[PDB]
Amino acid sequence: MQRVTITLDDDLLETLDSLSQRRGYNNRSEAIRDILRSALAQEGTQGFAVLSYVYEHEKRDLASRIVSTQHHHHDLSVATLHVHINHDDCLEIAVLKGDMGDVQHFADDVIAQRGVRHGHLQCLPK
């Protein structure tokens, strides 16, 4: 086997070590090795996708802007689930379909802007 040495900051190490004692790992090396294993494990043209994001609806009238943006590409949209989590925040999940290339750009149009948080895209190609 081989060895790779990396420099890690204190807080990150405090969090890694926290999970180390608990999770029952001998040390940092073993924990990191497992995390890498899963990360790498978790890695077509047509398919589906799930886009989730959080945003304040009033902010910049963002709600209106996101809906029109989606309507500009409604052909790629199957449907959206919306949950009014609090007085100002909205949680939306858009199920998208079509060309993975166009879906990915459509995703950038929606979440790559101010007022949108926790944006995540999950692709599911056929």
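All residue numbers refer to positions in the sequence shown, first residue = 1.
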Quiz item: In the PDB record, does 15-23 or 111-119 carry the higher mean Cα temperature factor?
Solution: 15-23
Quiz prompt | From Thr80, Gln46, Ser29, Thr69, residue of greatest CA B-factor | solution = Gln46
Quiz prompt | Among modelled residues of the same chain, the CA temperature factor third for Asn86 | solution = highest
Quiz prompt | Record-listed C-alpha B factor of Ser52: chain third | solution = lowest
Quiz item: Considering only modelled residues of the same chain, in which third does the CA B-factor of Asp34 rank: lowest, middle or highest?
Solution: middle
Practice problem: Just say lowest, middle or highest third for the CA B-factor of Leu76 relative to the other modelled residues in its chain. | Solution: middle
